[PDB]
Ligand SMILES: Nc1ncnc2c1ncn2[C@@H]1O[C@H](COP(=O)(O)OP(=O)(O)O)[C@@H](O)[C@H]1O
Ligand SMILES: Nc1ncnc2c1ncn2[C@@H]1O[C@H](COP(=O)(O)OP(=O)(O)O)[C@@H](O)[C@H]1O
Ligand SMILES: Nc1ncnc2c1ncn2[C@@H]1O[C@H](COP(=O)(O)OP(=O)(O)O)[C@@H](O)[C@H]1O
Ligand SMILES: Nc1ncnc2c1ncn2[C@@H]1O[C@H](COP(=O)(O)OP(=O)(O)O)[C@@H](O)[C@H]1O
Ligand SMILES: Nc1ncnc2c1ncn2[C@@H]1O[C@H](COP(=O)(O)OP(=O)(O)O)[C@@H](O)[C@H]1O
Ligand SMILES: [Mg+2]
Ligand SMILES: [Mg+2]
Ligand SMILES: [Mg+2]
């Protein structure tokens, strides 16, 4: 289970989102739209990091359940390319 | 099978690349970076 | 270690074959078979893979028939990048599938002779023949086969070159015919009755009449196991059949009205 | 220099002399061709020459002739990539192009298309480079190796093999001593494979050889020279038995149904 | 632009034909067996042509990719389903008055034949998705191992090719026909060989077997001549290695 | 108008037929031996035809690769096709308002005919991703040395379509059948080569060479005429001695 | 609304054709070799409710690549932006009117399989445009020289053809009627003479026509057209009546 | 319910209907045997109409065949998404691409790349699948996993007695649509012709023949004795 409390949440200021379309000034709207695009890119980046982490973690916990259960003595040879092939994990974003 | 015509995308670099590079960082590394970034944006919470 | 699943192999020769397999299990060489039809051979191949109990997956399972274009089984030794059109990254596959493993050769006789030559060329030295410019790469994995095809016959035909044919000569298995096996057949018949009663979780195994088993014996039974599995569900298809024993076994799917 | 033959499964009869001739022929890089039967040491001879790939930098290039399927085989000759085919990728040069200077081991399949062999022969005769495009051929030397597995001048008469390709090929042949010919270390290499088999089995000790078994070994038609001998060796080894009996039954024909 | 002249009066007349043709850019054929060296003579014409500083480089007819035949003489400009690049023209487009010896013409596709039949048309180079064709003068030359009339009776090449046949295809004399400097050719070839053989000289030498070789099939004028020369030399490799009992039979079972 | 080789009565009849046909924008075809050079007549006609100025098309048949007319004739100037996109020049698109001589359409895929049929009959086509087909004002022309009379009889043409491809074909006589302008063609060739070889003067041919032409069955006619010209060029020898032995069968090996 | 030949049986067939013409049920249109009676459908569509409705026609021989998005439903979504730059697919172009097909007997029968579905209410959904269709755009097809024995020959799906039409479209033999022969003959002669800017029609020999009346009519109306043109050019003179009939430009002298 | 269209008075049609009704309650995948056009998917229509999950969107709709990357986008979005929860169709099963067929079968249970939605898949085929397996044109594993319980259809030759009723029904519907005053009447010649009418197709054949026949008849006053049939051809 992903540490959702340790997972930050990116919130967009909806008051600014409602205070830009009414802006009869184009510069304010353009700056707001650029800020929104950047913030959306950042939030999507964090979310993609979290989701890829969760998928690869499921793959590893499946691989390292013996390492999880019996322990480091029963720690199987685990590699990223093998894990990526096994769980269809990212080929380079994961790396 | 053979060769003729047919067949047919791309990713992004720099800005998308910087956003992706931010994620390879540590957890609290991402948290402090998020705090510093949110220090600027007037349209985020 | 890991235990192979139960198989109704009550034939005394079948037990002997199992024993031969058992001796071969520590060994690691080619494993061929007479490929009896309707007869569950690669199940035994799995019992082998299971007998090896190798870490990771060495029990590859792919035939030849779907490799209709030569390219498909050609891509059992896949493509790396950009040979023809790269529809996806690292078209390689099915080769590392038994990375440290073994290969199950099904529908092997249908394979192209050029394809066969490529396979054999892979056999000994192990070189990775990846389509597209690159360097080869071996891997410590094995292979095994099972086919109704008559190897001496094909040698007369020369369908595959003789070099490969001998290169495969390391373990043979002539599965008994479906018409050959009778007592094990009824044994597995009751076994499948029970197994269906379990998997469907129907309240009652109906049973079968003595006439039911006898008539099933009078059935063509072309596949001792494959036909039996279809017959199992064919009787399981009937509704209320589980409550009382019935001899209603659906041979022909096209049979109607 | 000289590298130890990782295998010297050789015949004192004349494969000693054959190996000697090979060693004499080895230093140059001129046309290199051999000859032999189904499974008759010919890969092993390939290894012989690859060790005879003199000095260092012996780039072993294998030309599995009956491979390459149908279509892109043409590229496998010359070189793919650029934007040429249904794809685009970096310059994966043809297999001959991929190896510059390397050892060109011919698989003695005898390609069905004479023109395809001729196209390889034209590149084989010389390389002028493909500055126009990677679709073409380039400026590469290579050591080259051929062998025979069938009747050459017959096919010349049979029209199976082009005379011009044949004339360039076989500048100096290398025939092989068949199982029906070599027959030299039969018992010797026999026990050689036996010891290899015991060590593989981690076996206790060699039970021995039966006089009946040795008589059969002499009587063997040996349809395959090198491997089929080793094949039956493995056959008996797997057949195995008590250490009490040196050898039991015949492993020459495993195909035969088990008693 | 020369080699180990076969030193023949026929060779003299053939060279005369070449020299007479030298300025001309007319398309040219040849029917030469392996070891003829007609290709070498052809390229000798190419360098010695009026376009001495001309771009003269062949391309085996057998070469072309199954579908790239248009991409063979012409070269990719735009589209073509590549989706990128494909802006490079053809080596034949790269010719422009230069030479590309049409070797291997004995086997090109009838499809290839007709596409070239278009190339036989004066100028007008069309590329994929093109705007305006290119009338690009280029010097044409070819050689074959077989008989053009033989193919014609077979209909093997379309008579369009016979139209494409333009300059009088000089032909190399047969080995039995050539028979010009066999000892001398052996001498030069063996000089080169001993250079490669790195042995000092042929102390054996001798010439009775030279006349015996005068009684030889010699299927390749240079393909077999020097081939057998080296075969025998390497089997010898000794200083005192004479023309006696040296055989050309690499396929044959020696003792 | 244009340099026309020949003044035969049948040739004159053909010329008058061209004069009559000139208004007929209706497409038709011409039947001639390879090397006929009828295309030249077609071009002279088209210039003299209603397109006193228009487009002009050569259009080698064997010139397309699994690529439609919107990749062959129409062009994909309307881009947005599969794969990348751009502005793509188109032949039948470019041709509209001009001269469209189809080249040796005998060798043509059944698919090619499949497209061209509707391309011609209505004269409206559409392209790579277009709304409307419009129509072309070009002149639809063609010829092939084959006798389609057997081709579509073999089925090798859609005889319905090929007939619809034709309005009233014209076929030039054979020169061997014509058998007349031998002297004039010879003289023109002599002067032309004397210029080309930069020669001083034409030696002339003995009446023996005239009779050789009289026997020169000449399977190439104008093609064979130029072939004989080539023969003379190699047989240049001396201008003082008149050309004695002209007939050069290059397929016959000399000596 | 056009110029063409007519016969009593031809008139009856045209009458039945008009009777079907307002009706929206598609029928199978089979024509003589030298018929190209597509104009009949053109009248029918005018005689159909599509008198002001759509009238898109395409010949099923002219494709592009293994599959054409424009053939049924496509746009500029190959990769990258994925934009319905021209969502308008074939039926989207032809919606609500005449969807006329030519070159029918001559495409990949897989396309026929594909056609069968679009034939049944389209429901074509492209990346450019997704729509359930079932839009009653007038369906009709032509180039019907083929035979149901081609299904016996296995040319295409007999089921596709069987579901294709519920009613017929015939074509009386041109060699059969030969009634308006001189009539349409003079008609085409005048049309060309105007096109030829010719002075006038000099007439023709009745013997010439009667000899010309001997013909298998292999090219039917097309044969008539080409024959008239050739005979006119051979006449090349409006002075004397055209006593000559150009039997075949496949000829020599 | 849904209008007694093709209400098969052949008691065999009723029995097929009863089996289908039992399967209608079942949410397990299912298929039916018949010929298309010889009654293309009419039972599929009934099953969607007899949808117990009546609000369940039986979008279904799988007779045809799409493109390659089209199968890519459909399986990995339409497919289960196209008919979420609801009923899943399949026809021209002989027309599937091998990659496409593998994708479908894997979705039915599970795949091997390194799940699905909805319930009650429904299918039918127009050709003898066992011969195709003998030809080896698909995965027999898919064949079995599909072959839990089927719904055959009566042949047109088998569909014999109720044929007069079906013809009359088609006549009623047609005259309603055709604006004809009335079905002009049954004639012995027409009935005998229909008896001879082999009608390789069942529904499409009879319907198209009747359409041609009525269009020919055009007289609600005048019954048609022996109207011939052809929906195409020249003269
Ligand atoms: N012990 C078993 N348990 C479950 N299934 C079995 C067993 N033995 C055989 N089968 C089934 O029989 C089918 C065909 O068996 P087999 O005859 O070995 O195939 P082949 O026809 O290739 O020889 C297989 O699909 C397999 O599922
Ligand atoms: N001393 C040896 N060392 C290794 N392999 C040997 C030896 N002697 C025989 N063999 C085996 O015998 C065979 C030699 O024949 P090979 O070259 O493979 O056949 P072919 O001539 O058809 O190419 C191989 O299987 C090889 O492994
Ligand atoms: N005059 C010459 N001097 C030296 N070598 C020659 C001469 N003519 C031909 N050769 C040899 O012939 C070989 C080329 O073969 P070639 O005769 O061109 O085959 P083909 O005529 O069938 O194309 C070259 O290796 C070259 O050494
Ligand atoms: N009317 C003509 N007068 C003189 N020479 C002609 C004439 N027509 C063609 N030729 C000659 O014949 C050849 C033309 O061949 P080509 O145009 O390829 O004929 P084809 O119609 O068969 O394509 C050239 O050598 C040309 O000089
Ligand atoms: N009854 C008729 N009388 C005269 N011309 C006709 C008649 N019916 C059709 N035509 C015309 O005859 C021509 C037939 O040739 P074409 O259009 O190529 O036929 P198709 O479309 O069958 O290939 C067309 O112009 C067509 O409109
Ligand atoms: Mg099997
Ligand atoms: Mg050569
Ligand atoms: Mg037409």
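Residue numbers (the deposited numbering), protein chains in the order written: chain F, 286 to 380; chain D, 1 to 8, 10 to 46; chain G, 2 to 258; chain L, 1 to 259; chain B, 5 to 259; chain U, 5 to 259; chain W, 6 to 258; chain Z, 3 to 79, 94 to 130, 138 to 258. All C-beta atoms in this analysis are idealised placements derived from N, C-alpha and C, irrespective of residue type, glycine included.
Item                                                                                                                      : Value
Presumed contact (8 Å Cβ cut-off) between residue 39/G and residue 224/G, rounded CB distance                             : 1 Å
Cβ of residue 13/L within 8 Å of any chain D Cβ                                                                           : no
Validate contact between the region 43-53 of chain Z and the region 66-76 of chain Z using beta carbons, cut 8 Å, 3 pairs : no
Contact test: residue 43/G Cβ vs ligand 1 heavy atom, cutoff 7 Å                                                          : yes
The region 202-215 of chain L in contact with the region 240-258 of chain L per 3-pair CB rule at 8 Å                     : yes
Where residue 167/L falls: helix, strand or coil (DSSP)                                                                   : helix
Paired residues, beta bridge with residue 62/W - DSSP                                                                     : 105/W
6 Å Cβ shell around residue 31/U - same chain, five flanking residues per side excluded                                   : 144
C-beta contact flag for residue 83/W and residue 87/U at 8 Å                                                              : yes
Under 8 Å by beta carbon: chain U residues contacting residue 150/B                                                       : Those within 8 Å of residue 150/B in chain U number zero; the least Cβ separation is about 12 Å.
beta-carbon residue 122/W near ligand 7 non-hydrogen atom, thresh 7 Å                                                     : no
Strand pairing of residue 198/W, partner residues [DSSP]                                                                  : Partner(s): none; residue 198/W has no beta bridge.
Interface positions of the region 10-35 of chain D facing chain F (Cβ-Cβ less than 8 Å), listed along the chain           : 16, 17, 20, 21, 23, 24, 28, 31, 32 and 35
For residue 34/Z, the residue or residues it bridges with in DSSP                                                         : 147/Z
Interface residues of chain B facing residue 173/L [CB-CB closer than 7 Å]                                                : 254 and 255
Interface residues of chain U facing residue 7/D [CB-CB closer than 8 Å]                                                  : 87
Neighbouring residues, chain Z, relative to residue 231/G (Cβ below 9 Å)                                                  : 167 and 170
Proximal chain Z residues relative to residue 122/W, where beta-carbon distance stays under 7 Å                           : 65 and 66
Contact list for residue 72/G against chain L, beta-carbon separation under 7 Å                                           : 69
Separation of residue 5/Z from residue 171/W, as counted between CA atoms                                                 : 23 Å
Short CB-CB distance (under 8 Å) between residue 376/F and chain G                                                        : yes
Burial state of residue 28/Z, where buried means 16 or more other Cβ atoms lie within 10 Å                                : exposed
For residue 130/W, the three-state DSSP class (helix, strand or coil)                                                     : strand
Near-chain G residues of the region 35-61 of chain L - C-beta to any C-beta below 7 Å                                     : 38 and 39
Test: residue 111/U CB closer than 8 Å to a CB of chain B                                                                 : yes
Alpha-carbon to alpha-carbon, residue 128/Z and residue 192/Z                                                             : 51 Å
Contact list for residue 46/D against chain F, beta-carbon separation under 7 Å                                           : 296, 297 and 298
DSSP-derived helix/strand/coil call for residue 379/F                                                                     : coil
Range of the contiguous alpha helix (DSSP H) that encloses residue 124/G                                                  : 114-124
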